[PDB]
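1. before the rest arrives, take these chain(s) from the complex:
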Amino acid sequence: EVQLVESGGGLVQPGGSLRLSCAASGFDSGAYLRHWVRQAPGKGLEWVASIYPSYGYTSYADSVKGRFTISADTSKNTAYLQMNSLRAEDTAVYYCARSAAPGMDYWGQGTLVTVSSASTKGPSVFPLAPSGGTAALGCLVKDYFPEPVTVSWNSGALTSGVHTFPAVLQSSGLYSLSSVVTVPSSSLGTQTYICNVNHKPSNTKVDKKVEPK
């Protein structure tokens, strides 16, 4: 199968620099362009740059010209985006994509770039402790920066009924969110429930056992 796997990204200060990578597998030829397309939070898709890796021809959108450079290491099957002199308007999820040298048939998973001078901070995790036959419980994930956190339950064995809310920016400038799940009332205390909160930007994972109060 064709795969585009992105790496790089994360938090960077204004005026700073980052290099994104897009490693390709499963291609049947090299007759493909590589693209970078970004999506600022709450906004649409915006093409950023293109390269034809075998030849080196590049192409840039006005919004990034003279600031971003796209290149390619054919021997590593990897396209790069060297992003210099970053501004806050550059904050976005950055996607790499391929197209025939067709349409953009395969895309990487996306990687968030946050341009800001605020400090990384891992989350605090508090229980949402547990009428009728169905009870709800959850974990409040408070005061972290930057995004993202992911949440699972019971190490992935509990998925149905889970709602993990999009984070909200608090007036403190830190993010917050909750993850909830509904389970049978009779399952409380005979089942143990644990939310697994991953905050890779701070290299921190927090598991919280949510017990009845």
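-> It's in. Residues are numbered from 1 along each chain as shown, chains lettered A, B, ... in the order given.

2. which ones are touching the residue lying closest to residue A:174 once chain neighbours are set aside?
-> The spatial neighbour of residue A:174 that comes closest, neighbours along the chain excluded (Cβ to Cβ, 6 or more residues apart in numbering), is residue A:143 at 4.4 Å. C-beta here means a position set from N, CA and C on the backbone, and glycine is covered the same way. Each residue near residue A:143 by Cβ atoms under 8 Å, 6 or more residues apart in numbering is listed here: A:121, A:123-124, A:170, A:172, A:174-176.

3. how close does residue A:143 get to residue A:56?
-> Taking Cβ to Cβ, to the nearest Å as the measure, residue A:143 falls 46 Å from residue A:56.

4. could you do residue A:48 as well?
-> 17 Å.

5. give me the domain ranges for chain A.
-> Chain A is divided into the following domains under automatic domain parsing: A:3-115, A:124-210.

6. sorry, back to before: residue A:48 and residue A:56: which is more packed in?
-> Comparing residue A:48 with residue A:56 by neighbour count (other Cβ atoms under 10 Å), the higher total belongs to residue A:48, at 23 against 11.

7. just confirm the more buried one contacts residue A:65, I think it does.
-> No. With contact defined as Cβ atoms under 8 Å, residue A:48 does not count as touching residue A:65 (10.2 Å).

8. what is the neighbour count of the nearest residue to residue A:27 once chain neighbours are set aside?
-> Nearest residue to residue A:27, sequence neighbours excluded (Cβ to Cβ, 6+ apart): residue A:2, at 6.3 Å. A count of neighbours around residue A:2, defined by other Cβ under 10 Å, yields 12.

9. how about residue A:2, what does it touch?
-> Counting by Cβ under 8 Å, 6+ apart, residue A:2 makes contact with A:24-27, A:98, A:105-106.

10. dump those to TSV, plus distance to residue A:128.
-> Formatted as TSV, those follow (distance: Cβ to Cβ, whole Å):
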residue	distance to residue A:128
A:24	42
A:25	41
A:26	42
A:27	46
A:98	43
A:105	42
A:106	39
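
11. okay, and which of those residues map to strands?
-> Using DSSP state E, the members of the contacts of residue A:2 that fall within strands are A:24-25, A:98, A:106.

12. could I have the buried ones of these as PyMOL selection syntax?
-> Those of the ones in strands among the contacts of residue A:2 that count as buried under 16 or more other Cβ atoms under 10 Å are selected in PyMOL with:
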select buried, chain A and resi 24+98+106
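
13. look up how far residue A:167 lies from the residue of chain A most remote from its centre.
-> Distance from the centre of chain A peaks at residue A:132, with 37.5 Å (Cα atoms, centre = their mean). When distance is defined by Cβ to Cβ, residue A:132 is 30 Å away from residue A:167.

14. chain B comes next; put it on the structure above:
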Amino acid sequence: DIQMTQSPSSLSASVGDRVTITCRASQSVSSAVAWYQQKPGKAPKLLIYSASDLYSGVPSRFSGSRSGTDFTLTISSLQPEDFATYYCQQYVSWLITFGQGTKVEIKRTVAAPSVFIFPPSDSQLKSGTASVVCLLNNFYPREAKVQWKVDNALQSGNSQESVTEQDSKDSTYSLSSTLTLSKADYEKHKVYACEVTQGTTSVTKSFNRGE
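-> Chain B, in position alongside the others:
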């Protein structure tokens, strides 16, 4: 430097309905237009290339056509899993541009939320802040008024909401409201209540601090 104007910017239709999304190019793009589907926070998925060619694996309910500079995506029978933002794109060169996007919502019968309220944890209170959380679970439509009352006094300014995207199978939403108080303010009051109003119905879930 060529614009692609999508219409409408958002729409709601029922399951099995025919949905029509259009996209007009500022200049000639020949047939060099693609259509993408994007679930929130996930990579876009290719649906249609060359104005009308279906991509491998795409259900046949999707179709596209061209008339001069006007391009149309059609979903002949909308299904719940088709909730997404749909994007048009031109590639006549490469100076690629995307349309602004069309967000499609699944229209559904009314579903009342299951409402739950959560006191702050004792652990959190040690830090000097109290978060009270109200959950509205699996409801439709999305619009709902959520109000906080403390000792029956209506609150304002001290809460924030967040809403899930539409469930891909039952087309419902879930919503959290989070009330933030200082510990001192929290400890001075007894009754915490979350009130949810939809249509002719208003439901209030409460707890008494310490009970």
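
15. tell me which element the residue farthest from the centre of chain A is part of?
-> Using DSSP states H and E, residue A:132 sits in no helix or strand.

16. next, the contact list for it, please.
-> Residues in contact with residue A:132 (Cβ atoms under 8 Å, 6 or more residues apart in numbering or on different chains) are residue A:185.

17. mind telling me what element the residue nearest to residue A:195 when sequence neighbours are not counted is part of?
-> Take residue A:195 and drop its neighbours on the chain: the residue closest to it by Cβ to Cβ, 6 or more residues apart in numbering or on different chains is residue A:139, 3.7 Å away. In the assignment (DSSP H and E), residue A:139 maps to strand A:134-144.

18. what's downstream of that strand, the next helix or strand?
-> Moving toward the C-terminus from strand A:134-144, the next helix or strand (DSSP H and E) is strand A:150-153.

19. show me what that following strand is packed against.
-> Applying 3 or more Cβ pairs under 8 Å, 6 or more residues apart in numbering or on different chains; DSSP states H and E, one finds that strand A:150-153 makes contact with strand A:162-164, strand A:175-184, strand A:193-199.

20. show me what the last one is packed against.
-> Translated: strand A:193-199. strand A:134-144, strand A:150-153, strand A:175-184, strand A:204-210.

21. again, 6 Å this time
-> When contacts are defined as 3 or more Cβ pairs under 6 Å, 6 or more residues apart in numbering or on different chains; DSSP states H and E, strand A:193-199 sits against strand A:134-144, strand A:150-153, strand A:204-210.

22. using the three-state scheme, assign the closest residue to residue A:74 other than its chain neighbours.
-> Among residues not flanking residue A:74 along the chain, residue A:53 sits closest, at 5.5 Å (Cβ to Cβ, 6+ apart). Here residue A:53 is recorded as coil under DSSP: H, G, I helix; E, B strand; the rest coil.

23. how about the residue nearest the centre of chain B, secondary structure?
-> In chain B, the centroid-proximal residue (Cα atoms, centre = their mean) is residue B:165; its distance is 4.1 Å. Look at residue B:165: counting by three-state DSSP, its state is coil.

24. just give me the neighbour total for residue B:30.
-> The tally of other residues near residue B:30 (other Cβ atoms under 10 Å in any protein chain shown) stands at 12.

25. wait, doesn't residue A:108 sit right on residue A:6?
-> Yes. Contact criterion Cβ atoms under 6 Å: residue A:108 and residue A:6 qualify, at 4.1 Å.

26. ok, the two, which is more surrounded?
-> Shown here are residue A:108 and residue A:6; by other Cβ under 10 Å, residue A:108 has more neighbours (25 against 22).

27. okay, now the spatially closest residue to the residue nearest to the centre of chain B that is not a sequence neighbour: neighbour count?
-> Nearest residue to residue B:165 in three dimensions, chain neighbours excluded: residue B:40, at 5.0 Å (Cβ to Cβ, 6+ apart). For residue B:40, the tally of surrounding residues (other Cβ under 10 Å) stands at 12.
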